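Working notes, beginning with the structure itself.
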Amino acid sequence: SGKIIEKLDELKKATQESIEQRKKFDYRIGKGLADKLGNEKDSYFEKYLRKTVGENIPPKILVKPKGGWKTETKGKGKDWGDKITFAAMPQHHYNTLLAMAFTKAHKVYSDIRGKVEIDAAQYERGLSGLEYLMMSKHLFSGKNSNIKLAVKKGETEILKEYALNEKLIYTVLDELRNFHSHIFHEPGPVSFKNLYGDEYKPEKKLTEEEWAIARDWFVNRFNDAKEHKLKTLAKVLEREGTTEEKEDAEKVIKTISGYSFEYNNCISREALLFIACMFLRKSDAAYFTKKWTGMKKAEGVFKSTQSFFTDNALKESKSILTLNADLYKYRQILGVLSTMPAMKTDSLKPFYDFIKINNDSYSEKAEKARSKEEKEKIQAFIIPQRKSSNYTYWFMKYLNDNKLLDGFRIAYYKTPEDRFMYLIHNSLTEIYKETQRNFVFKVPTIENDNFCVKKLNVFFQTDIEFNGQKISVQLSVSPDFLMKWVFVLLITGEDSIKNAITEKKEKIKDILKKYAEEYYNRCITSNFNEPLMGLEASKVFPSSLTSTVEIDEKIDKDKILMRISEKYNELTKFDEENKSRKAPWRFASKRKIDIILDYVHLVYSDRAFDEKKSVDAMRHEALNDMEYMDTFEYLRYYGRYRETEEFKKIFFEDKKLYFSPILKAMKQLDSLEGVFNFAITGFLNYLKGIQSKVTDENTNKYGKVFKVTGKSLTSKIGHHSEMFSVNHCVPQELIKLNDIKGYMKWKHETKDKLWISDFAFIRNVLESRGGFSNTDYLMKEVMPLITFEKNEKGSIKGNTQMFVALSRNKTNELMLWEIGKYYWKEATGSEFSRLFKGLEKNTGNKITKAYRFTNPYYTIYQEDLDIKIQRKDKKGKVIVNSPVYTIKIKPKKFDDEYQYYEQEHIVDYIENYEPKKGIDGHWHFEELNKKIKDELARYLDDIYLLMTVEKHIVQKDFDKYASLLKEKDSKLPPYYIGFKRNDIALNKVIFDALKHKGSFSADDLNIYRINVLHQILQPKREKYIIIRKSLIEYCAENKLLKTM
RNA sequence: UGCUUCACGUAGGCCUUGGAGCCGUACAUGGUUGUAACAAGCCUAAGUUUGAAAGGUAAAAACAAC
Ligand SMILES: [Mg+2]
């Protein structure tokens, strides 16, 4: 054991050198006014510490210039007469933040790994298989595009290698935490080596003198992020500016240029923060980044200096709410309704032009004002512009909450885990067809809201019973059918409708089932001429079976000149609406790539038709499905996938004939936006070129290349009747609002309206109850201010698409708040009794009624909520019997990170501590958050005091501590500090040390140390103050700190 | 001490998500050729909250060859 004991001496020397050199916990304070203390520069920190333990130290430092000055030597901007007052806390060393960050990172990552493990166990140690599919959803900010492409192809080859990599990086993170939480430790995880011995190793397999692949992965990720930030900052640099953000960009590019994974022979400070913020939560990484960096509120360019550490982070998927579920749905509906929608229908272009002019004129008037109360008096006219408008999702959520979907099947979005299960679980063409589809049918439950919205449509499945057979029929329900379903629910409870004969109650699900059966039985026996039920004969049965010509007619030139013109103006409209945006490189991905690919496909099709190739010669020269997926993947991430071998393998070779018009310009520009403007300009030039060559000789020239076809064939009816029978669509007017109280009076009152529909009746009924609609403001306060260019006869151009779309807005808003009102019935137990005022015409030169003061939903969105903070245990267990607390929480700060923060700290601060209820009588979220974060700000101070005390303990008796790590049939872990060793201990050593005590325990000190390690709120505030005061006095006895 | 940060702790302080041109979960998102526009859009009635009927564009969802 001579080599073993020699390993002990060399590890002891390494540990001693590490403790002497790299285990510095030295705090440091800023310059300016903080460094002006001079003599009390020698004595500041403990003078703060006593202030934050209870002692009365007055801030009697009032140093003044004491006179009037003329020279620049005075130069002090001392307009704030108060001094430091020993309440602000100084910057601590990186080791304390790293210790807390690695402990929190190991906690949250072990929690996420355990959750992924139980999810994959119930759904059917490196998380191999679909375990890494969930873990790769979680690991970065959704950066699993290569893994998604691999499971879409079916390779399942990168998953095992990525699983090893994840296991190795988890062990590296665990060893980094175990180093950083302790004082007496080998310098292993900082300078990646094998000081353990490489032969005597009881499953401490950190590196085994071969896992420099962990280092390779670390430099790969660090350098990828570094050159990505260099490219981004280069793109910002040459932008326009007032020579002020140019110097800021120069400072940022000075900071990023540097860093590196290796400094001297160690990982150094930046890469440790990179690993920690990679393994942390998003808010935890942001907090540790803004504690590490001196910048408090990052603005302009400097967000990138934060973002360098917060680019990866963790995903943190959505949370399942159990107490305030309906209140959260009400808040979401109100947040949707508090915003002006952005309709893309033209002839509303002056509306949004005036909206943009008004908003740009008032956002500059928001500045150059005084205080915060006068700012809102000018900010109140700025109209928010909405994001989503998911009317179909909210309708289907209302039908899901009341369990109105029974005996059905609803298409839901496809997950990568479902794709992998379909891959491992396997007529081959049926499986190939199901593989291409991105939706799946399953029985709807309450806890499922992944509804498939494909161009505002939803998909249903019905089980009609022709001759006892179980023929499943897919439908496609229009968004104006579910809206009428919600109306029939919301007017008459226990919904029913009556038909033309015997006037029964028809139970709309049974109406849909009978309609599917009747459509099947009518398609099976032609009958496309008679009307169906009472709808029409042409509102069902499309033009493939109704209108037909016996002989396929010759394609005329005017049809081609119309198709070319409509494609040209559609491309021009897209180009103008993309150039109108402030950041053009964020608009679309399915639309920008498809324009380029349709351009190259049309150019290839013309070049291959005029050269007269074959039928199969087109297909094998084109892009296959896997080749399409590769093309879309390498075009979406063109800045990342530019220099790889696959890019030049599939683009510059193997496919040079197809991609011919773009390879000339692909060697100059280095972005997706670079290869988009050239392609759309080439498309416009090509359409303008071939528009003038559609003479009668070149009629077949621009035929099958453009896919222009006339009407159908008479013989092609029986084949269509066997494929349009299943998978047809449901029109919006299948159900009739005949027996609703007020229908006949409305039809009698509105008789000189020849173009009326049931949506006017829905508008009248839901406006009888009172409610805003987002369109009364649009046509009574902003509309009369704008002058419109006329038509040849009409006073406004584009009438039939101007008002109708507005009506298509209006009743939809009158739907949505009604649903929200229902959730208030599920929230407080009482009806919504607030009265809403009407609106009047403006008839003035300017606009006087502010959107933020006249929209009632925007006023409700800023006024309080009720909540229940009953505590929750681990896993998906039920709420335990605990006292229920109510606080006043704003609806804005009611998102998912509040749902994490509440169970993290708010319940333990309400229960264990004793807060005051305030003037109102209920707690407020702002004061609670301020008190919790103020009580957690001193926590790294606590760990600094503990580390200084332990360093002073282990610096003496170093041979005594080293002699009690001999062997355990091999090399032990060289760390001794664990505060619970059975031979000599360390909490007992501090317990019988110079710690004065009257009410104390060694177990209490261990509990306090575990709490300051893991950032958990203290059980008793008073005992924690006693421990803090004892440690402050013990540190001040031996002159341990640099403040002595 | 040190390759570091210049800032006196905590909470506050909103149009179009610039700094993420390579993020992301609320979907026309899996290709070529023929058949496919009932559903969803987009244009055509109106100085006002009239989505009917009609006339063009329009391929979401589907069938047969690779
Ligand atoms: Mg119509």
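Starting from 1 in every chain, residues are counted up; chains themselves are A, B, ... following the order of the structure tokens, and ligands are numbered from 1 as listed.
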Can you list every residue in range 261-457 of chain A that DSSP puts in strand (DSSP E), as a CSV table (one decimal) with C-alpha atoms, in the first residue's frame?
```csv
chain,number,residue,atom,x,y,z
A,410,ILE,CA,-61.6,14.4,-30.9
A,411,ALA,CA,-58.4,15.0,-32.8
A,412,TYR,CA,-55.6,16.0,-30.6
A,413,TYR,CA,-52.1,17.3,-31.5
A,439,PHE,CA,-53.2,14.4,-35.1
A,440,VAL,CA,-54.6,11.4,-33.2
A,441,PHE,CA,-58.2,10.5,-32.3
A,442,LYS,CA,-59.0,9.5,-28.7
```
Please run DSSP on the backbone and report, as a ChimeraX atom specification, all residues within range 438-652 of chain A that come out as alpha helix (DSSP H).
-> /A:479-491,508-523,557-579,592-609,616-620,625-636,645-650
Contacts of residue 40 in chain B at 10 Å or less, counting only C-alpha atoms (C1' of nucleotides), minus same-chain residues fewer than 6 places along, as a VMD selection string?
-> (chain A and resid 454 to 457 478 to 479) or (chain B and resid 60)
Export of the given selection (N, CA, C and O atoms (P, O5', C5', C4', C3', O3' and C1' of nucleotides)) as a PDB file, in the first residue's frame:
```pdb
ATOM      1  N   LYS A 454     -57.130  23.218 -37.153  1.00  0.00           N
ATOM      2  CA  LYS A 454     -56.551  23.293 -38.493  1.00  0.00           C
ATOM      3  C   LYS A 454     -57.421  24.227 -39.326  1.00  0.00           C
ATOM      4  O   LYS A 454     -58.455  23.807 -39.855  1.00  0.00           O
ATOM      5  N   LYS A 455     -56.977  25.480 -39.444  1.00  0.00           N
ATOM      6  CA  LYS A 455     -57.693  26.567 -40.121  1.00  0.00           C
ATOM      7  C   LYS A 455     -59.098  26.741 -39.544  1.00  0.00           C
ATOM      8  O   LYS A 455     -60.109  26.633 -40.241  1.00  0.00           O
ATOM      9  N   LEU A 456     -59.129  26.969 -38.228  1.00  0.00           N
ATOM     10  CA  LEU A 456     -60.312  27.212 -37.402  1.00  0.00           C
ATOM     11  C   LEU A 456     -61.281  26.033 -37.359  1.00  0.00           C
ATOM     12  O   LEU A 456     -62.410  26.192 -36.895  1.00  0.00           O
ATOM     13  N   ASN A 457     -60.868  24.848 -37.791  1.00  0.00           N
ATOM     14  CA  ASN A 457     -61.739  23.686 -37.839  1.00  0.00           C
ATOM     15  C   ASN A 457     -61.369  22.699 -36.740  1.00  0.00           C
ATOM     16  O   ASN A 457     -60.273  22.742 -36.178  1.00  0.00           O
ATOM     17  N   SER A 478     -67.334  23.124 -38.454  1.00  0.00           N
ATOM     18  CA  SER A 478     -67.015  24.528 -38.632  1.00  0.00           C
ATOM     19  C   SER A 478     -67.046  25.256 -37.287  1.00  0.00           C
ATOM     20  O   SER A 478     -67.749  24.834 -36.367  1.00  0.00           O
ATOM     21  N   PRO A 479     -66.290  26.352 -37.139  1.00  0.00           N
ATOM     22  CA  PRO A 479     -66.293  27.074 -35.856  1.00  0.00           C
ATOM     23  C   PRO A 479     -67.582  27.820 -35.560  1.00  0.00           C
ATOM     24  O   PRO A 479     -67.736  28.318 -34.439  1.00  0.00           O
TER      25      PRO A 479
ATOM     26  P     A B  60     -53.544  22.515 -48.155  1.00  0.00           P
ATOM     27  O5'   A B  60     -53.975  22.683 -46.632  1.00  0.00           O
ATOM     28  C5'   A B  60     -54.190  21.540 -45.818  1.00  0.00           C
ATOM     29  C4'   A B  60     -55.346  21.719 -44.864  1.00  0.00           C
ATOM     30  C3'   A B  60     -56.042  20.434 -44.445  1.00  0.00           C
ATOM     31  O3'   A B  60     -55.379  19.768 -43.386  1.00  0.00           O
ATOM     32  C1'   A B  60     -57.663  22.010 -45.123  1.00  0.00           C
TER      33        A B  60
END
```
Near chain A, which residues of chain B fall within 7 Å when you count only C-alpha atoms (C1' of nucleotides), and what do they look like as a PyMOL selection string?
-> chain B and resi 5+7-11+15-16+18-19+21-24+27+29-32+38-40+45-46+49-52+60+62-63
Shell of 12 Å around residue 59 in chain B, only C-alpha atoms (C1' of nucleotides), local chain residues under 5 positions omitted, as a count of residues only = 7
Atomic separation - CA of residue 47 in chain A relative to CA of residue 986 in chain A, Å = 28.1 Å
Could you give me, as a PyMOL selection string, the residues within 12 Å of residue 839 in chain A, counting only C-alpha atoms (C1' of nucleotides) and dropping anything in the same chain fewer than 3 positions from it?
-> chain A and resi 770-781+836+842+849+854-856
Can you list, as a PDB file with N, CA, C and O atoms (P, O5', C5', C4', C3', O3' and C1' of nucleotides), in the first residue's frame, every protein, DNA or RNA residue that comes within 12 Å of residue 537 in chain A when you count only C-alpha atoms (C1' of nucleotides), leaving out same-chain residues fewer than 5 positions away?
```
ATOM      1  N   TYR A 519     -76.524  11.489 -44.250  1.00  0.00           N
ATOM      2  CA  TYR A 519     -75.565  11.796 -45.308  1.00  0.00           C
ATOM      3  C   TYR A 519     -74.985  10.529 -45.921  1.00  0.00           C
ATOM      4  O   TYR A 519     -74.814  10.451 -47.143  1.00  0.00           O
ATOM      5  N   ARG A 522     -77.744   8.900 -48.005  1.00  0.00           N
ATOM      6  CA  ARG A 522     -78.053   9.657 -49.208  1.00  0.00           C
ATOM      7  C   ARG A 522     -76.934   9.570 -50.236  1.00  0.00           C
ATOM      8  O   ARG A 522     -77.215   9.474 -51.434  1.00  0.00           O
ATOM      9  N   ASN A 527     -78.890  10.999 -55.243  1.00  0.00           N
ATOM     10  CA  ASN A 527     -79.835  11.921 -54.598  1.00  0.00           C
ATOM     11  C   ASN A 527     -79.209  13.271 -54.250  1.00  0.00           C
ATOM     12  O   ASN A 527     -79.483  13.846 -53.196  1.00  0.00           O
ATOM     13  N   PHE A 528     -78.364  13.786 -55.137  1.00  0.00           N
ATOM     14  CA  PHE A 528     -77.671  15.043 -54.894  1.00  0.00           C
ATOM     15  C   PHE A 528     -78.475  16.259 -55.334  1.00  0.00           C
ATOM     16  O   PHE A 528     -77.967  17.382 -55.259  1.00  0.00           O
ATOM     17  N   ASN A 529     -79.712  16.065 -55.792  1.00  0.00           N
ATOM     18  CA  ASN A 529     -80.539  17.156 -56.295  1.00  0.00           C
ATOM     19  C   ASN A 529     -81.519  17.699 -55.262  1.00  0.00           C
ATOM     20  O   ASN A 529     -81.734  18.914 -55.205  1.00  0.00           O
ATOM     21  N   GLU A 530     -82.126  16.831 -54.451  1.00  0.00           N
ATOM     22  CA  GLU A 530     -83.092  17.273 -53.459  1.00  0.00           C
ATOM     23  C   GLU A 530     -82.389  17.936 -52.274  1.00  0.00           C
ATOM     24  O   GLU A 530     -81.234  17.617 -51.976  1.00  0.00           O
ATOM     25  N   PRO A 531     -83.050  18.881 -51.603  1.00  0.00           N
ATOM     26  CA  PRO A 531     -82.458  19.485 -50.404  1.00  0.00           C
ATOM     27  C   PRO A 531     -82.330  18.490 -49.262  1.00  0.00           C
ATOM     28  O   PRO A 531     -83.110  17.543 -49.136  1.00  0.00           O
ATOM     29  N   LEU A 532     -81.323  18.718 -48.425  1.00  0.00           N
ATOM     30  CA  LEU A 532     -81.045  17.866 -47.277  1.00  0.00           C
ATOM     31  C   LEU A 532     -81.619  18.511 -46.026  1.00  0.00           C
ATOM     32  O   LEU A 532     -81.292  19.664 -45.719  1.00  0.00           O
ATOM     33  N   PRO A 542     -70.529  18.749 -52.386  1.00  0.00           N
ATOM     34  CA  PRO A 542     -69.731  19.723 -53.153  1.00  0.00           C
ATOM     35  C   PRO A 542     -69.754  19.540 -54.665  1.00  0.00           C
ATOM     36  O   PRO A 542     -70.375  18.608 -55.189  1.00  0.00           O
ATOM     37  N   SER A 543     -69.034  20.417 -55.372  1.00  0.00           N
ATOM     38  CA  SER A 543     -69.086  20.511 -56.829  1.00  0.00           C
ATOM     39  C   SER A 543     -68.527  19.284 -57.536  1.00  0.00           C
ATOM     40  O   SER A 543     -68.687  19.172 -58.754  1.00  0.00           O
ATOM     41  N   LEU A 545     -69.718  16.380 -57.208  1.00  0.00           N
ATOM     42  CA  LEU A 545     -70.846  15.501 -57.468  1.00  0.00           C
ATOM     43  C   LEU A 545     -72.080  16.213 -58.002  1.00  0.00           C
ATOM     44  O   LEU A 545     -72.971  15.542 -58.532  1.00  0.00           O
ATOM     45  N   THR A 546     -72.166  17.539 -57.880  1.00  0.00           N
ATOM     46  CA  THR A 546     -73.326  18.290 -58.353  1.00  0.00           C
ATOM     47  C   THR A 546     -73.120  18.843 -59.760  1.00  0.00           C
ATOM     48  O   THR A 546     -73.881  18.515 -60.675  1.00  0.00           O
TER      49      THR A 546
ATOM     50  P     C B  38     -67.599  23.317 -52.895  1.00  0.00           P
ATOM     51  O5'   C B  38     -68.765  22.782 -51.951  1.00  0.00           O
ATOM     52  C5'   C B  38     -69.055  23.424 -50.718  1.00  0.00           C
ATOM     53  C4'   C B  38     -69.718  22.483 -49.744  1.00  0.00           C
ATOM     54  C3'   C B  38     -69.406  22.721 -48.275  1.00  0.00           C
ATOM     55  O3'   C B  38     -70.212  23.732 -47.700  1.00  0.00           O
ATOM     56  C1'   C B  38     -69.193  20.410 -48.784  1.00  0.00           C
TER      57        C B  38
END
```
